[PDB]
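Read the numbers this way: they start at 1 and go in the same order the structure lists the ligands and their atoms. In the text below, chain A, chain B and the rest are named by the order of the sequence lines, each starting its count at 1. For the numbers below, each heavy atom of this structure counts, side chains included, while hydrogens, waters and symmetry mates do not.
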Amino acid sequence: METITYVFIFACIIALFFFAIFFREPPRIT
Amino acid sequence: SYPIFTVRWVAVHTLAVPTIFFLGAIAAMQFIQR
Amino acid sequence: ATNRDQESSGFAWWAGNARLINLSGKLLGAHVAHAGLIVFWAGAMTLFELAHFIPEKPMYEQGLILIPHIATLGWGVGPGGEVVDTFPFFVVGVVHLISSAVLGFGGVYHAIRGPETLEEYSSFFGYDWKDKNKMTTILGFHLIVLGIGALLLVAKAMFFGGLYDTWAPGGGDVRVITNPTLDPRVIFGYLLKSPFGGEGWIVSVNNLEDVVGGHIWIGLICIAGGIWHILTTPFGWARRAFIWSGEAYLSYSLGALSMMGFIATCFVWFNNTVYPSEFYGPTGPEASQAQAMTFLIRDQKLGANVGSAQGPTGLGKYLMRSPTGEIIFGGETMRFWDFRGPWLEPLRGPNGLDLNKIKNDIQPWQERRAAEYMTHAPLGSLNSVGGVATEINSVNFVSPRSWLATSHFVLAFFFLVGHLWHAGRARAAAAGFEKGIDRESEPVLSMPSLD
Amino acid sequence: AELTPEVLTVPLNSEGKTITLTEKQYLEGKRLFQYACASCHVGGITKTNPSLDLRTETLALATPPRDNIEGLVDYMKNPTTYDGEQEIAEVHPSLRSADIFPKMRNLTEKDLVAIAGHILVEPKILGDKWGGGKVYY
Amino acid sequence: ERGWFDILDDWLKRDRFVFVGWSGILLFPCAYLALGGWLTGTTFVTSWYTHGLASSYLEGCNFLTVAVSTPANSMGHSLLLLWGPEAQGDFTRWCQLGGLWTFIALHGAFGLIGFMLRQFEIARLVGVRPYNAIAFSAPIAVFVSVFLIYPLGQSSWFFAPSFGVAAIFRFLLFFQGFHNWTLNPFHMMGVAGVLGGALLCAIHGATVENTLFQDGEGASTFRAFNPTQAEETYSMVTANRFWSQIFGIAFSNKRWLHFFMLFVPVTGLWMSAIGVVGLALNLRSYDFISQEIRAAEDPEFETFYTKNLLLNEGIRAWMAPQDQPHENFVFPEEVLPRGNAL
Amino acid sequence: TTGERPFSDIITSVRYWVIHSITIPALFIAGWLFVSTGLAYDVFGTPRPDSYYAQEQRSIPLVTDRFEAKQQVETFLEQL
Amino acid sequence: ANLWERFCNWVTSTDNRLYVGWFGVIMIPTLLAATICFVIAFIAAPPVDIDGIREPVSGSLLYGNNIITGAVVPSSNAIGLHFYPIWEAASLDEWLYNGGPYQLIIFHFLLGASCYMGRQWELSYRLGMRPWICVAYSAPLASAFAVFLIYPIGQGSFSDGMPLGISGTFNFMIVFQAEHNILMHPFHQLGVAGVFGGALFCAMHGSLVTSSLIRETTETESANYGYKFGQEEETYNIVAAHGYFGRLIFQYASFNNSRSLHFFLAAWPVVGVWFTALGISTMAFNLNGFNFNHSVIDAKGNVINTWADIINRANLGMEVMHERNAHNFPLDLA
Ligand code: CLA
Ligand code: CLA
Ligand code: CLA
Ligand code: CLA
Ligand SMILES: CC1=C(/C=C/C(C)=C/C=C/C(C)=C/C=C/C=C(C)/C=C/C=C(C)/C=C/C2=C(C)CCCC2(C)C)C(C)(C)CCC1
Ligand SMILES: CC1=C(/C=C/C(C)=C/C=C/C(C)=C/C=C/C=C(C)/C=C/C=C(C)/C=C/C2=C(C)CCCC2(C)C)C(C)(C)CCC1
Ligand SMILES: CC1=C(/C=C/C(C)=C/C=C/C(C)=C/C=C/C=C(C)/C=C/C=C(C)/C=C/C2=C(C)CCCC2(C)C)C(C)(C)CCC1
Ligand SMILES: CCCCCCCCCCCCO[C@@H]1O[C@H](CO)[C@@H](O[C@H]2O[C@H](CO)[C@@H](O)[C@H](O)[C@H]2O)[C@H](O)[C@H]1O
Ligand SMILES: CCCCCCCCCCCCO[C@@H]1O[C@H](CO)[C@@H](O[C@H]2O[C@H](CO)[C@@H](O)[C@H](O)[C@H]2O)[C@H](O)[C@H]1O
Ligand SMILES: CCCCCCCS[C@@H]1O[C@H](CO)[C@@H](O)[C@H](O)[C@H]1O
Ligand code: OEX
Ligand SMILES: [Ca+2]
Ligand SMILES: [Cl-]
Ligand SMILES: [Cl-]
Ligand SMILES: [Fe+2]
């Protein structure tokens, strides 16, 4: 249970990185 | 017409005066032997 | 003030020497004066060392780094590295110190009195950083000079008394080198050796025949290469690969010196042939091995069977196998089994440390060497308290190997930084954006959006 | 507390005679002990053989006795194992092995006495710390 | 005629080289005495009677080893006032009892109050929002948790940090051996806030310096800025593209950036203070119970956690006799924890 | 600026150096004598090299009583 | 155009969401490999014989660790500095026992992070920026080299490299204090001044700029909406900020030049961290912190302890306990 929990949180963080990078709010110069 | 007694002058001396006294004391200590 | 303030030069006081980039005359002064500082230090430091030197203590108990360099060249020493004559040290010191006055003279002259630029006075001594052929020609001259330097080492070794050889049969001694290694398979072989444990790239060089042979090769390579660069201009592929400016050439040289510095660090930490332990003290590996040898000797004298003595972990307390089977010392020194030194090799046979030889053939001189090296391991404090960090004050010792390794790691590192600083700067200045982004032609504003 | 004449009075021989060292002698002994001996005997232990220390009581039980000036000076000329049975000059610094332990080459007789006196005096100052090793640092 | 209060206000708030203000009346004397007390003690005053240590230049210590050391454990949490019942007005005895410790700690505390009041006072007069004062709450939380709350939870002031370079190092190593403080997640958040803050400081300074607009002809680019200029001196657009392409994300809002720079190291220090409030009570993150159960039952189970505990056990046994002289510990050589050989 | 004389004007003036070539050395020498006469020891109660221990004790004079610590120090000092 | 030219234009394109570049062609595969091996090891590697004494230490989550205790464990002391790729082992089982994953991870990571630094120079050139962000990054990078490579080289073993885990890092720190007295080493002291000072100036700068934001928003909106990405005008009043801080201390202690200020913000942590990297890289060759053990002595010769002696007692406890079955002889010479 503990190992699954630690791996699950990690996996969520890696997923968050993917969305924060490729599905960011685009910087808009105007 | 630049004044001499100022808050700055006092501030400078509250530090500079003891500092020089202390540096003399510590210079002396270098010649103390057990 | 021909360029001697920020307003006219574009460089602040703290970047003052950058005011010299296109002033070949003053810049020659800077260089020559600097060469004089180096030579000055060599000369004065040697005399200081010699004045402080007590010939019957080991050099390495006395904080000497220069005398050890002179002794390794065969000057002043006899069997076992014993000092037989200090006068060759005095000569080296005095001659550098005198020569430094001359260099200092030339430097001061060119910096403050001679012509600021040389191009009006002489087409031979003047130069433009952008003249690819002039730059390769000056390079070529310096190559020939370096080549001759390497051949002087050969000349010392082969014709003028030889070199201190720690490996000399029957015990360390000065020896003339008559059969230098010329076979390119051996000399260039060293360059293709792994830098990892048990291999050590060029740091592994373990005999003076390879050392002398390697300098014959470098001497000739540098003289040839120098001739080549005098007679040629860079090919087109080189023209397109590099930046051609004073600051760029500085950067290349900074990178090269950083590399060399890291190499030198490793050389003095591990190599005990061209940095003889008689003069520099034991290597870290050496002293750890020497501890294991010391207690093996002691405990065997008390009656221990050192071959069959199982330590607390189940590995042999004194002796064990390397991961490829060789017999090696045990305890933490298992890591140091690639160590090799003249006090230890007589105990080594084709399978590693030879138990018959350990039991019967350990000489008093090996016990002495091992005890000496164990007790002068290269560990100590910044205030020079010898030993482990929990040691009490008593022994004033830091190994020359530590001083030399640490100093040169520090210098190599900051030289890497300088390489990046100047290489990045040279690139930017060649392309025209070293002072910042043009507000009306900001390149990012002409690029499509990332998203 | 002070380094008094009493602190500096130690046994000269096995027969109970004492010698009062000078303060100059004490300082010379420390200096010379550092020069020639501390690399192995820092703090009264022995790095290359920790079973044998320089405690006065250990020295008294050595053969011949080494808890006195004469026993120590003799040790520095002709060192033996603890039982007196083996001569070890070939692996221990002495005047006899000054060819192979070159730091011993310019030690005079006076120097030996000074070093012997350091060895005897230091425990009277430091107690159990002398020969105690890291436990007492 | 205006009132005396208002006249004093004018004079306190004159623009001078060193601003004074009403805050100055608390700040200056407390700061000066804390600093002067430290310089006096480290230069002249021993710790022989409180700790059995030398601690001043007078006794032979250097800048690394001098300190104003805490009072003896038998003092408890006495204020140790010069005129209090321990020293009874005797300056010399006061010094020998550790009276300068409480002198420096309490005047230092009031001085930090005065400094943050100064930050509010100046912000108000110049017309800015008081974020600098707010950021300074972190250093306050640290000073108060460590120099005050921590010893107040313990037996006495003795176990506060002593004011000195080596003394503070000792305080670090005590915290590792006794409290396993590296294991504590409130400390861990402190480390992230300090190293993250240093990261932000370096990366932000470097970014602005490498996206500057060319606003001058100088190769030395500092002159090409004027404080009153309306325009940004560096390109936010270019900085943003760079970091977006290098690291994947980048700041795009300069106000958020600068707020985050306040947030990170201030929040980290605050987290570390909360952990030390716990340690006041020995309420440590010392162990992982599951690790202990396994390791006790299974003598082949080893982790870096169990290794570090063996180190802590060594630190406590070997340091306690000299570090806690009031305990009169005598630990025979045979009981000391040691591995093989060493 | 705030009206005080620039430091650079002051410390490059002859009057400043006439005053301070007296006051600076005087203070230095006074600090020196504070130590060289042994007075520093007695003001602050710091042991001299010969006063950490009596001749035959190896027991530190640690203070163990809050309210007569003053007297314990007094007694520790009489017993040297 | 021809295929090579097109490839080169794509590698170096300023328009890829993430820049690739020539440093990138080495960085990408080496960081992916180090990452993948690290993740799998941290979850599932069996115990590793770090000290070469057949006493394997469990690092992975599945073998009884948590996030705080877990680690990828350094390679065996029996290996030392020998190169131990996967193909040197007789089997994956052996490779795991002897700590092969550590060497694969750290070598690919140092190579990849080195290329990360080059890639920073590279993109700055392509964007027409000044080049020295990569110089700031050289500070943490140097630090990584120190603990994963230079310290092992000096001590003769990758088993003395920093472990890849939280509690392993603390283990490395405590042993380092025992063996080098790092706290008493001035380069570590420069490091602490660098990071404590970087944090301090970080909070100071954040707070001063935030203090002086120009009013551009109402009370029911975050002030951050007062700045629009790419606007030409500065969003705070630096003269108000300088007016504040100059009064806090005194005028000439405050910066009114943003370029000078920002250079200082860069320099102070970068330099301090370069020193602390060099602390670890020079203690690697056993030039250690100051030793004032028994420096203060009374008139008889009694030792008068200082706070340095008390540090010494703590260091001793660390020393005698560390690697408790690995030493057979009386000095820990590496
Ligand atoms: C190795 C160190 C070194 C060297 C060789 C140089 C060399 C030079 N510098 Mg740099 N410089 C350095 C370090 C050095 N500098 C440092 C550390 C800084 C930061 C402080 C600078 C900042 C700097 C600036 C800001 C400038 C230079 C300039 C120059 C040049 C002209 C100097 C001049 O006009 O002197 C004028 C000074 C004098 C006439 C006073 C005397 C100087 C002499 C040489 C002293 C020699 C003493 C010696 C003991 C004599 C022995 C004689 C005996 C052998 C017979 C000269 C080539 C200038 C420039 O580039 O011009 C184009 C310039 O503007 N330098
Ligand atoms: C790399 C160093 C270097 C270089 C490139 C130069 C270059 C120059 N010098 Mg400076 N100079 C130097 C070092 C250098 N000098 C030193 C060390 C001193 C002190 C002695 C001087 C003192 C000096 C003065 C006082 C003058 C010059 C002048 C000149 C110019 C004319 C030289 C010529 O035509 O000679 C052609 C060749 C010869 C005369 C024969 C060369 C004989 C030498 C000794 C042989 C070299 C032997 C060997 C390789 C030594 C290597 C030393 C090494 C180990 C350090 C030219 C720009 C003149 C000038 O600037 O005009 C206005 C001028 O007045 N030089
Ligand atoms: C200080 C010494 C020095 C310097 C600064 C130069 C500089 C130069 N040389 Mg000269 N050269 C020299 C010494 C030097 N040379 C010597 C001694 C020789 C005699 C052998 C030559 C013979 C020579 C030839 C034949 C040529 C040059 C060329 C050049 C130019 C291009 C260099 C280049 O692209 O290399 C960069 C290296 C490469 C592009 C090779 C590929 C990169 C590999 C993979 C790097 C491996 C390094 C790595 C760390 C491993 C090291 C160990 C290894 C053995 C395993 C440039 C002006 C060229 C030219 O323009 O002639 C006019 C050319 O054709 N040189
Ligand atoms: C703003 C300045 C400031 C502040 C906040 C403090 C604060 C402190 N000082 Mg420091 N001090 C200062 C300036 C300051 N001092 C200066 C300028 C000097 C040099 C003269 C000193 C010299 C000094 C010494 C030598 C000592 C302190 C100590 C203390 C502590 C206890 C003070 C105490 O109990 O007072 C109690 C007094 C008050 C709270 C004043 C109350 C006034 C009220 C409002 C009115 C009541 C008046 C009353 C009716 C009068 C009649 C009484 C009648 C019944 C007989 C405390 C940390 C002690 C300490 O640090 O011990 C460890 C200590 O020994 N101070
Ligand atoms: C340019 C410049 C600079 C620099 C300079 C320099 C770098 C210089 C150098 C110089 C030099 C580099 C010098 C040298 C000199 C030397 C000499 C002068 C020598 C002499 C010798 C003698 C006299 C000897 C004696 C003796 C003997 C013989 C024997 C034994 C004993 C004795 C030692 C005594 C500067 C930075 C300032 C800045 C400005 C510019
Ligand atoms: C003496 C001796 C010896 C020998 C030695 C030798 C023989 C050496 C050689 C050496 C060599 C033979 C070296 C080489 C080097 C090289 C280098 C170092 C290179 C570099 C390069 C670069 C840096 C490049 C870059 C680039 C690229 C890559 C891409 C494009 C761009 C550019 C161009 C930038 C021995 C060991 C035996 C022994 C001891 C003594
Ligand atoms: C406690 C007390 C008090 C007070 C006192 C005071 C307030 C004092 C002050 C004092 C002071 C105020 C002192 C001072 C001193 C100073 C010094 C001692 C200094 C030194 C310095 C030095 C040594 C420097 C060094 C350096 C640095 C820092 C960096 C740059 C480089 C160099 C290295 C140069 C009263 C009476 C109220 C009451 C009772 C108690
Ligand atoms: C392990 C090391 C092995 C490598 C050995 C190195 C040998 C050194 C000699 C290299 C000779 C190659 O020479 C070099 O080749 C490349 C490859 O297309 C050329 O080609 C190119 O240049 C242009 C110039 O902007 C590019 O935009 C274009 O995409 C590319 O085709 C260079 O302009 C040429 O100068
Ligand atoms: C994409 C990568 C994701 C990786 C996920 C991997 C899961 C699939 C592989 C399962 C392998 C784990 O198998 C593992 O084997 C050994 C048997 O020798 C067991 O034995 C172990 O038991 C306990 C479990 O708390 C450990 O503390 C201990 O150090 C060890 O002896 C492990 O408890 C078991 O879980
Ligand atoms: C550049 C100046 C060089 C001066 C060199 C002095 C010669 S060196 C001299 O040569 C002898 C053999 O020829 C050796 O036997 C002797 O040991 C050696 O010192
Ligand atoms: O391994 Mn990891 O730690 Ca460097 O010292 Mn020796 O070894 Mn082991 O003991 Mn201490
Ligand atoms: Ca005396
Ligand atoms: Cl061992
Ligand atoms: Cl450990
Ligand atoms: Fe900013």
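- Atoms NE2 of G:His205 and NE2 of G:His262, as seen from the Fe ion (ligand 15), are separated by an angle of 90°, to the nearest 10°.
- Of the candidates C:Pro88, C:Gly161, C:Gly76, C:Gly161 brings a heavy atom nearest to atom 14 (C) of ligand 10.
- Near C:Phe159, meaning under 4.0 Å from one of its heavy atoms, ligand 10 places the atoms 13 (O).
- Residues with a heavy atom under 4.0 Å from ligand 8: C:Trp237, C:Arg240, G:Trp4, G:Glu5.
- Among G:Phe255, G:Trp268, G:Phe196, the one residue that satisfies the ring-ring contact (aromatic ring centres under 6.0 Å, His included) test with G:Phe201 is G:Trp268.
- Taking a distance limit of 4.0 Å, we find that atom 18 (C) of ligand 10 is approached by some protein heavy atom.
- Below 30°, between 30° and 60°, or above 60°: for E:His204 and G:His205 the angle between ring planes is between 30° and 60°, a tilted geometry.
- Remark: ligand 10 atoms within the under-4.0 Å shell around heavy atoms of C:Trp75 are 19 (O).
- Nearest protein heavy-atom contact of atom 7 (C) of ligand 10 is C:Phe160 CD2, 4.2 Å.
- E:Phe251 is listed as a side-chain neighbour of E:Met236, based on a closest heavy-atom distance under 4.5 Å.
- Atom-to-atom distance recorded for E:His258:NE2 and E:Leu200:CG is 10.5 Å, nearest 0.5 angstrom.
- For G:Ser258 and G:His262, the side-chain atoms include at least one donor-acceptor pair closer than 3.5 Å.
- A cation-pi arrangement, defined by a distance under 6.0 Å to the six-membered ring centre and an angle within 45 degrees of its axis, is absent between E:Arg255 and G:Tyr227.
- Side-chain atoms of G:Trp132 and E:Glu209, non-hydrogen and from C-beta on, never get closer than 4.5 Å to each other.
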Decide salt bridge (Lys or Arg N to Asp or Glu O under 4.0 Å) for C:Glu209 and C:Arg175; before the verdict, give the C-alpha distance in whole Å, the side-chain angles of both, and the deciding distance to 0.1 Å.
CA-CA 11 Å; C:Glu209 282 72 24; C:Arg175 180 170 73 82; 2.7 Å; yes
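- Formation of a donor-acceptor pair under 3.5 Å by the G:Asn257 side chain with backbone atoms of E:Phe222 is found in this model.
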